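Report on the structure given below.
Excluded from the calculations below are hydrogen atoms, water molecules and symmetry mates; all remaining heavy atoms, backbone and side chain alike, are included. The chains referred to below are lettered A, B, ... by the order of the sequence lines, with proteins before strands, and numbering in each begins at 1.
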Amino acid sequence: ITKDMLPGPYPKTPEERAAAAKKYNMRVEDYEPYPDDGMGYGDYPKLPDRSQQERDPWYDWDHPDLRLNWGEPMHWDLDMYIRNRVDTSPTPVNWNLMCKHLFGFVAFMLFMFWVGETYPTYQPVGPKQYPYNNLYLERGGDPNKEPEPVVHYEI
Amino acid sequence: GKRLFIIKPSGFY
Amino acid sequence: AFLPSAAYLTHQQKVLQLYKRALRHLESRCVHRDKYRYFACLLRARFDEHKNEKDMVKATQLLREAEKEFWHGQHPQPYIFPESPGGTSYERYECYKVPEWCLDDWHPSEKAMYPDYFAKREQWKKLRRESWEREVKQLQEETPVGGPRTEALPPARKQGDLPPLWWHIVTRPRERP
Amino acid sequence: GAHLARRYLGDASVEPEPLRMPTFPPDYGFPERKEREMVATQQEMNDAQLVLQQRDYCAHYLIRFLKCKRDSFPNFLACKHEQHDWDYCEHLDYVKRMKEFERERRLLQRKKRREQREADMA
Amino acid sequence: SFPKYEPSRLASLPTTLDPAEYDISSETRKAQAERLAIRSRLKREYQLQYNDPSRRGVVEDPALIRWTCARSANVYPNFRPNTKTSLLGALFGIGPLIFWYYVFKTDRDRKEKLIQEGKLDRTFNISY
Amino acid sequence: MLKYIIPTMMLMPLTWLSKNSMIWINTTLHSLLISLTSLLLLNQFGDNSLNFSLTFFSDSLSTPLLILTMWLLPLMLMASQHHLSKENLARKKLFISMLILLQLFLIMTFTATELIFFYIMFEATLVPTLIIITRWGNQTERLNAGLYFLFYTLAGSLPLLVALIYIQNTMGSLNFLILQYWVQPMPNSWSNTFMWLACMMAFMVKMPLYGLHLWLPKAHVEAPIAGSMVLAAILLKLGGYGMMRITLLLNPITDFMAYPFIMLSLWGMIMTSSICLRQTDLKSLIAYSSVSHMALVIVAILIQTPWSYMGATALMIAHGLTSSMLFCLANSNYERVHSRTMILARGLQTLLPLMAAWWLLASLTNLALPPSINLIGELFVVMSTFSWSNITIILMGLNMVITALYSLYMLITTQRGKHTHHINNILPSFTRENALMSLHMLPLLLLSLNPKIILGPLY
Amino acid sequence: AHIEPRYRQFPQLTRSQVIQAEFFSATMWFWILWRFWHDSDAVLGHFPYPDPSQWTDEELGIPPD
Amino acid sequence: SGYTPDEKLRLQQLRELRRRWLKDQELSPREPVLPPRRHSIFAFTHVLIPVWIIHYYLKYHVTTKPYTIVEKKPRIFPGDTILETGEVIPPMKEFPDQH
Amino acid sequence: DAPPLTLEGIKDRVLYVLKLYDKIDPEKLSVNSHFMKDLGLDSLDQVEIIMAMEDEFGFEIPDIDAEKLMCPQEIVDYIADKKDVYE
Amino acid sequence: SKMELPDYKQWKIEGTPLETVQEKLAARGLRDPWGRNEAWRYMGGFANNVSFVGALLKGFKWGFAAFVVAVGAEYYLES
Ligand SMILES: CCCCCCCCCCCCCCCCCC(=O)OC[C@H](COP(=O)([O-])OC[C@H](O)COP(=O)([O-])OC[C@H](COC(=O)CCCCCCCCCCCCCCCCC)OC(=O)CCCCCCCCCCCCCCCCC)OC(=O)CCCCCCCCCCCCCCCCC
Ligand SMILES: CCCCCCCCCCCCCCCCCC(=O)OC[C@H](COP(=O)([O-])OCC[N+](C)(C)C)OC(=O)CCCCCCCCCCCCCCCCC
Ligand SMILES: CCCCCCCCCCCCCCCCCC(=O)OC[C@H](COP(=O)(O)OCCN)OC(=O)CCCCCCCCCCCCCCCCC
Ligand SMILES: *C(=O)CCCCCCCCCCCCC
C-alpha cells in the first residue's frame with residue numbers, strides 16, 4: 001500500500017474524478033462521492049446503501065460470510081450493513097403500512113386497557129370480612145393503642 | 001467402515 | 001443483473017426465474033400436494049398462454065406486470081430449504097469446515113497418528129506445486145488484453161496439466177465434516 | 001356479570017359501588033342482629049402460621065385440614081373430607097358476601113323508590 | 001389494480017419491480033459488461049494470489065485498507081468548518097450536556113429542598 | 001517501601017549483565033519475585049494506614065494499584081518479547097529498562113506521602129511511556145500520538161504544579177497525612193474555582209475525561225503491547241488515585257464544581273460506548289472502551305460517597321486486568337494477521353478454540369458479569385450514582401446495554417462466523433500467549449473470592 | 001437389527017414403539033375418565049351458585065315503607 | 001441452452017480431481033495409529049463423600065455461627081404435644097356444625 | 001441418520017423421477033437424454049424437472065446452475081458436486 | 001450398499017385425489033404431468049390417515065375398557 005492508493009480530498013475536476021474512480025476500482029459513470037458539505041468523506045464513493053443481506057447468496061463471493069469480494073469498494077457503513085446488523089431488504093408489506101398497523105394496534109390495545117381499567121369487572125359480592133377488628137394485631141398494629149371495634153354480623 | 005478424516009485445527013498445543 | 005458468467009439476465013431467464021419463484025411461493029400458499037398440483041397446472045397454463053410471444057416490448061410489459069402480480073401474491077414466510085439461504089440449517093456446519101492448510105500446523109506426534117493420510121497428502125501438495133506455474137502461464141496466454149471479460153475459467157488443454165486455479169475448489173471442505 | 005351491565009350501561013345510583021359498601025348501617029333493617037362468631041382462636045391461628053388472607057372467619061376448618069395433611073403423610077389423598085369441609089364453609093362465607101351485595105342493592109332500590117315517591121308527593 | 005410497493009430507506013425496492021432493470025439499451029449493456037470486466041479482473045487478481053502454494057500470509061485487500069483509512073485517518077483533512085458542521089457539532093455536542101445538566105440540577109435541587117425540610121422519607125437510608 | 005524500590009532498581013543490572021539469551025527470563029523471574037513480595041502491603045488496618053516513613057506510606061487504595069503494578073511488569077515482558085525478538089540486544093535492554101523504570105516511577109508514585117513528590121513521580125511516568133510509544137511503536141502515527149500524550153498531560157499538570165505549591169505555601173505542607181487533619185473548607189469564590197480546576201484537570205486528562213480523551217485512542221493504539229498494557233492498566237489509574245487524594249482538599253466547592261464534569265462523564269460513557277459499536281480498529285475499540293469505563297470512575301470520585309469510592313477502586317483494578325487482557329488478545333491476533341482491522345480475521349474460534357475461550361472470558365469480564373469485580377465496581381458505582389440522583393439509572397443502564405453490545409460484537413466479529421479464506425498464517429496459540437492470557441484472567445477471577453482487598457481505604 | 005430406510009412408502013415400525021404409543025394413549029384416557037369419575041367437580045362445579053333474585057327481603061332485612 | 005464445452009470439460013476435470021481428493025480422505029484400517037496407553041462407585045464418590053463433607057462443614061462450622069442456618073419454626077396445631085416442654089396444646093372450640 | 005448417497009443411487013433416483021413425468025416416455029430415457037434436443041421438452045419443463053429434483057433430494061439448485069442442467073447426467077453430476085459423493 | 005428402488009409403474013394415480021385434480025383440470029383442457037410423482041404420498045401405508053377426532057381418540061378404546069375394569073373392581077372391592 002502507498003500514497004496514491006489511499007483516499008484523498010473531494011474530486012473537483014473530471015480527471016481527478018476519473019483518477020479516483022480508477023482508485024476505488026469502479027466505473028467513472030458509477031462513481032459518485034458523498035457531497036462536499038465538509039463532513040469528512042473526501043473522495044470516498046457513495047455506494048447505494050444496501051445491506052449485505054440483499055447480495056446474491058448463491059454467487060461465489062470472496063468473503064462468503066460477508067457476501068463481499070476482494071478489491072470491491074466497500075460501503076462506508078460496511079460494519080453497519082453486515083448480516084449480523086441492519087437489514088435493508090425488500091419486505092412483503094410496505095414500510096408505512098407496517099408502521100401504521102403496528103402503531104394502531106399498540107395504541108388501540110393501550111386505550112382498551114385504560115378503558116377496562118376505568119370500567120373493571122368484578123363479582124356480585126361484598127368485601128372479604130376478617131375477625132379481630134379486620135386483623136389489627138396481625139397486620140402489624142401496636143398493642144398499646146386500641147383500634148375502633150370493627151364488628152361483622154351474620155346474614 | 002468408510003471412516004472419513006476430520007480436518008480440525010492443531011489441538012496439541 | 002448479477003451473474004459470474006454473464007453481464008446481464010436475458011428476458012427468457014427472467015421469465016424462468018419468475019416461473020420458479022411463482023411455483024415455490026404458490027407451493028407455500030397451497031400446502032397440500034394435490035391442490036398445489038392443480039394450481040400449478042393453472043399457473044403453467046397462464047405462462048403457456050403468452051409463451052409464443054414474439055413482440056419483445058409486449059413480452060417485457062407482461063413480464064413486468066407479472067412481477068407485480070407475484071409481488072402482490074407472495075407468501076410472507078415462503079418455504080425455504082434448510083441448507084438454502086434463509087433456511088433453518090443454512091451455514092450451520094461452517095464452524096466445522098476447517099481449511100486444509102490447518103493440517104500443516106499439526107505437531108508431528110499427531111501426524112504420526114495418521115501416517116498414510118499425510119503421506120498421501122504430500123503427493124497432493126507436490127502435484128499442486130508442480131501444476132501451479134504451468135497453470136499461471138496457461139492463464140496469462142489465454143486471457144486477452146485488458147484483463148478477462150468474464151469470471152469464467154478456462155479448462156486444462158494439454159494432458160498432464162491440471163485445470164487452472166483448481167486447489168481451493170478441489171480441496172474445499174465437505175458439507176458434513 | 002349482568003350487574004356490570006346494570007352499573008355501566010344503566011345508572012350507578014341503584015347499583016352498589018364495591019370499594020365502598022356497606023353504605024347502610026348493619027342494624028338498619030335488622031332487629032337484634034347477631035354477630036359472626038370466631039371459632040379459631042387468635043393464638044391458635046398464630047401458632048398455625050396461617051396466611052393473613054386465610055385468617056378469615058372459617059380458619060378453624062383450615063387448621064383441621066392442615067393438621068390432617070401434616071399427619072397423614074405420605075398418603076396425600078387421605079384428607080379430602082377436611083378439605084371439603086373447609087371449602088364448604090368458604091362457600092358459605094361467599095354466599096354471605098353475596099347476601100351483603102344483594103342487601104345493599106335492594107336498599108339502594110329502597111332509597112330510589114323513596115326519593116321518587118317523595119318527588120311525586122312533595 | 002394492485003397496491004404499488006413503496007420503497008423505504010430500510011426496506012428497499014426489489015430487483016423484480018425496479019424499472020431500470022429491464023433496460024435492453026446498449027449503454028446499459030456496456031455498463032454491465034464493464035462492471036463484469038472490473039469484477040472479473042479483480043477476481044483474477046485475487047485468486048491468483050489466493051491459490052498460490054508459495055503464499056503463506058494475508059492476501060491484503062487495498063479496498064479494506066482504503067476503507068479503514070477513509071473511516072478514521074482521512075476524516076479531519078477532509079473537514080471544513082461551515083454552517084452544517086458547526087450546527088451539527090453544537091446540537092449533537094453540547095445539546096445533550098446542557099439537557100442532562102438541567103435535568104440533574106432540577107432533580108437534585110428538588111431532592112435537597114425536600115431533605116432539608118425533612119419531607120423526603122429517609123428512614124432506613126444509611127448506605128450512600 | 002524501600003524494600004520494593006531497591007529490587008526494582010536492581011532489575012537494571014539484572015537486565016544489563018544478563019546473558020544475551022537470558023535477558024527475558026531473568027527479568028521475568030525476578031519481577032515475578034517482586035510481585036510475590038508485593039503482598040506484604042496487605043498489612044492494612046481499619047483505622048490507620050500503613051505508614052512507612054516520612055516519604056512513603058500505603059493505605060488500602062494505593063496497595064491494590066501497587067500489587068497490580070508489580071504484577072504487570074512480568075506480563076509486559078512476556079507480551080513484548082515476541083515482536084522484539086529480532087531487535088538489537090542493546091535496544092532490547094533499553095526497552096526492558098524503560099519498562100523497569102516506569103514500574104520504578106509508579107511504585108513510588110502511589111506511595112508518595114507528600115503531594116509534590118507525587119507530582120514529580122506522576123509526571124516522571126510520561127518519559128518512559130513516551131520513549132516506548134515513539135520508539136517501539138509500529139506505525140507512522142506514533143510520533144503524533146507521543147505529541148498528544150505528552151502535551152495533554154503537561155497542559156493539564158502545569159496548573160497542578162502551581163496549585164500544589166500554593167497549598168504548600170498556605171497550609172505549610174503537602175503531606176497527605178498532615179492534610180488529613182489540617183484540611184480547611186474551600187468556600188465559593190472564583191479563586192477557589194480555578195483552584196479546583198488546577199487541582200483536578202490534570203487527573204481529568206489522565207483518566208481521561210470525555211472531551212479531553214483524544215490523546216488516548218492514538219497513544220493506546222500506536223504503542224507496542226507493553227505500552228498498551230501499562231497505559232490501560234496503571235497510567236489511567238494514576239488520575240483516579242490523584243483525584244481520590246486531592247478531593248480531600250476541595251470541599252465543599254466540589255459539591256457544585258462537579259456538575260459539568262459529572263455531565264461530561266455520564267454522557268461520555270454513552271458516547272464512547274456508541275463509538276465502540278462502530279469501530280473498525282479492534283485496538284481503538286478497546287481504547288474507547290477504556291474511556292467508557294473510566295467515565296464511571298470519574299463520576300464515582302466526583303460524587304464522593306463511600307460506596308462510590310469502593311466501586312471506583314474495584315473498577316480501576318478490574319479494568320486494569322480486563323483491558324490489559326483485551327489488548328493482549330488483540331496483539332495475539334495482530335502477530336498473525338499483521339493488521340488491526342477487526343473485520344479482517346474472522347471465524348477464529350474454528351482455528352484457535354482455547355484462545356477463543358480467553359476471548360469469551362475477557363468479553364464477559366468486560367460486560368461486568370457477576371460475581372466478577374468488574375460487576376462489583378460497576379454495581380457499587382451504580383448504587384452510589386442512584387443515591388446521587390435517581391435519573392442517572394437511565395444513563396447507567398443504557399451504558400450497560402451498549403457495553404454488552406460492543407463486548408459481544410467484538411467477540412462475534414473476531415471469533416464467530418465463517419473464517420477468512422485468504423488468511424493461512426494463523427498459527428496455533430503459543431504457550432507464551434495462553435500463559436499471558438491466564439496470568440491476566442486467573443487473578444481477576446480469584447479476586448471474586450475475596451474481594452475486600454480491592455475495595456479501598458473505606459471498606 | 002436396526003431400521004432400514006424405505007423409498008416412497010410407509011417405513012418399517014417396531015412392535016415396541018407401537019405398543020408403547022398405544023399404552024400411553026390408553027393411560028391418558030384411563031386417567032381422564034378415572035379422575036372425571038371420582039372428582040367430576042373441578043370441571044362442572046363444586047358448589048351450587050345461589051340466586052340473589054330469589055332471595056326474600058326478610059332474610060336480607062328490607063323493611064317495607 | 002446449457003454449458004459450453006469448455007465448462008463441461010472443466011467440470012469433468014474438477015469432478016475427477018474432487019473425487020480423487022475425497023477418496024483420499026478415507027482412513028486406513030491401521031489409522032488412527034495410537035500411542036500405547038467398582039459398580040456403585042458413583043453413589044460413593046459423588047454423594048456419600050459430598051454428604052460427609054457438607055455435613056461436617058454445616059455441623060461444625062456453619063451451625064456454630066449465629067443465624068447462618070436459621071429455620072422457620074415448626075407449625076403448631078390445636079391438639080399437638082410439644083417435645084421440648086411436654087405442654088399439650090388445648091384443642092379448638094367445638095364447631096357450630098354446618099352439615 | 002442421513003445415509004450416504006452413491007452415484008448409482010442418485011442416477012437411479014433421478015431417472016426414477018423422470019420416468020414419473022408424463023412428457024417423457026420411460027423407454028426412450030437414458031442418462032444422456034438431452035431434454036430439449038432428444039426429449040423435446042420446453043424450458044418450463046426444465047424448470048419443473050429441476051424443482052422435482054429439489055423436492056426429491058431436499059436441497060435447492062440455484063438458477064444459474066438450474067438453467068444449465070440439460071441432461072440427467074449433468075443433474076447427477078451436480079448433485080454429486082454438491083453432496084460430495086464417493087468419499 | 002445397493003438400495004433397490006421399487007417399481008415406477010406401480011404409482012398410478014387412479015383412486016387418489018390426483019384423479020379428481022386431473023378431472024377438474026381436464027374439464028378445461030389441462031393435463032397434469034407430475035401426478036405419478038406425487039402418487040406415492042396417497043397410496044399404500046400413507047393412505048387413509050385418521051381425522052382429528054380420530055387423532056385425539058387414540059387409545060380411547062383400551063382406556064375406556066380399563067376404566068370399566070377399574071370401576072368394576074372398586075365396586076367389587078367395597079363389598
Ligand atoms: C483459591 C482457590 C480457588 C479454587 C477454585 C477456583 C475458582 C475459579 C477460578 C477460575 C476458573 C476458570 C479458569 C479456567 C477456565 C479458563 C481456561 C479454559 O478455557 O479452560 C478450559 C479447560 C477445559 O476445556 P477444554 O475443552 O479442554 O478446552 C477449552 C475449549 O477449547 C474451549 O473452552 P470452552 O468455551 O468449552 O470452556 C470455557 C467455558 C465457557 O463457559 C463460560 O464462559 C460460561 C461461564 C459464565 C456463566 C456461568 C457462571 C456464572 C457465574 C456463577 C459462578 C460463580 C459464582 C458461584 C457461586 C454461587 C453463587 C454466588 O468456561 C468454563 O468452563 C469456566 C468454568 C468456571 C467459570 C468461572 C466463571 C467464569 C466466567 C467469567 C467471570 C464470571 C465472574 C467471576 C466468577 C469467579 C468465581 C470464582 O479447562 C482446563 O483445562 C482447566 C485448567 C485449570 C484451571 C484452573 C482454574 C483455577 C486456577 C487458580 C490457580 C491459583 C489458585 C489455586 C486453585 C486451583 C484450583 C484448580
Ligand atoms: C488540559 C489543558 C487545560 C488545562 C486546564 C487547567 C485548569 C484550568 C485553570 C487553570 C488556572 C491557572 C492555575 C490556577 C492555580 C490556582 C492557585 C491559587 O492560589 O488560585 C487562587 C488565586 C488567588 O490569588 P492569590 O492566591 O494571589 O490571593 C489569595 C487569595 N485571595 C484572592 C482570596 C485573597 O488565583 C489567581 O491568582 C488566579 C487563578 C486563575 C488564573 C487564570 C490564568 C490561567 C487561565 C486558564 C489557562 C488554562 C490552560 C490553557 C493552556 C492549555 C494548553 C494550550
Ligand atoms: C414496564 C415497561 C415495559 C417497556 C417495554 C418496552 C421497552 C423497550 C422498547 C423497545 C426498545 C428495544 C427494542 C429495539 C432494539 C432491538 C434490537 C434488536 O433486537 O436487534 C436485532 C437485530 C437483528 O434482528 P432480526 O431482524 O430479528 O434478525 C433476523 C435475521 N437477520 O440485530 C441487529 O440489527 C444488530 C443490532 C446491534 C446494535 C444495536 C443498537 C440498538 C441498541 C438499542 C438500545 C436501547 C436502550 C434502551 C434504554 C432504555 C432506558 C430506560
Ligand atoms: C358478569 O357477566 C360477571 C362475569 C364476569 C364478566 C363477564 C365475563 C365474560 C367472559 C366469560 C364468559 C364467557 C361465556 C362464553
Side-chain angles (χ1 to χ4, degrees), chain A residues 86-155, chain D residues 1-9 12 15-46 49-60 90-105:
Chain A
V86 181
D87 194 1
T88 64
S89 295
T91 61
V93 182
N94 288 318
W95 183 260
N96 292 314
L97 183 63
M98 281 181 176
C99 292
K100 287 178 183 178
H101 283 172
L102 181 58
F103 182 75
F105 179 73
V106 173
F108 181 74
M109 287 299 292
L110 288 175
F111 176 73
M112 290 306 293
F113 285 124
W114 180 65
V115 168
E117 185 70 31
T118 306
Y119 296 98
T121 185
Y122 59 90
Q123 286 300 110
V125 293
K128 185 65 185 295
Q129 297 183 354
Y130 292 95
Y132 296 104
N133 299 323
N134 198 0
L135 297 174
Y136 181 73
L137 294 176
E138 289 83 356
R139 268 73 173 270
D142 48 352
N144 57 1
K145 291 177 69 67
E146 185 178 3
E148 70 274 15
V150 178
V151 179
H152 298 95
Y153 295 98
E154 289 288 328
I155 191 167
Chain D
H3 62 288
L4 275 304
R6 292 188 287 113
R7 187 175 183 268
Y8 294 161
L9 295 173
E15 299 292 325
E17 293 87 6
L19 297 178
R20 53 179 301 276
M21 54 88 72
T23 64
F24 289 90
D27 294 332
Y28 179 72
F30 288 101
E32 293 294 327
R33 190 178 182 186
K34 60 177 72 175
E35 297 178 354
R36 297 189 69 184
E37 292 293 327
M38 187 62 202
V39 180
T41 312
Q42 183 172 5
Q43 186 62 42
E44 285 178 352
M45 64 184 180
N46 192 357
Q49 298 177 1
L50 299 181
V51 180
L52 273 69
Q53 291 180 355
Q54 284 178 349
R55 295 180 185 179
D56 56 351
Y57 285 101
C58 57
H60 52 278
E90 289 292 340
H91 170 72
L92 294 177
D93 194 3
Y94 191 81
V95 174
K96 293 179 179 69
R97 294 176 65 190
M98 292 174 68
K99 287 182 181 179
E100 293 290 329
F101 188 84
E102 186 66 24
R103 181 260 184 92
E104 292 290 322
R105 190 178 68 85

Can you tell which part of [X] gets under 4.5 Å to a heavy atom of chain A, answering side chain, backbone, both or neither?
| X | value |
| --- | --- |
| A40(D) | backbone |
| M98(D) | both |
| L4(D) | side chain |

Proximal to chain D - members of residues 89-116 of chain A, heavy-atom separation under 4.5 Å: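 Result: none.
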Chain A and chain D: which donor-acceptor pairs fall below 3.5 Å?
unit_1, atom_1, unit_2, atom_2, d
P120(A), O, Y8(D), OH, 2.4
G126(A), N, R97(D), O, 2.9
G126(A), O, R97(D), NE, 2.9
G126(A), O, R97(D), NH2, 2.7
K128(A), NZ, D56(D), OD2, 3.2
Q129(A), OE1, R36(D), NH1, 2.8
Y130(A), O, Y57(D), OH, 3.1
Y132(A), OH, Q42(D), N, 3.4
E138(A), OE2, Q42(D), NE2, 2.9
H152(A), O, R36(D), N, 3.1
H152(A), ND1, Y57(D), OH, 2.7
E154(A), N, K34(D), O, 2.9
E154(A), O, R33(D), NE, 2.9
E154(A), O, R33(D), NH2, 3.3

Which portion of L135(A) sits near chain D, non-hydrogen atoms under 4.5 angstrom: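 Contact with chain D involves the side chain of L135(A) alone.
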Identify the two heavy atoms, one from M21(D) and one from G126(A), that lie closest to each other, and give their separation to 0.1 Å.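 Shortest heavy-atom contact: SD-CA, 3.6 Å.
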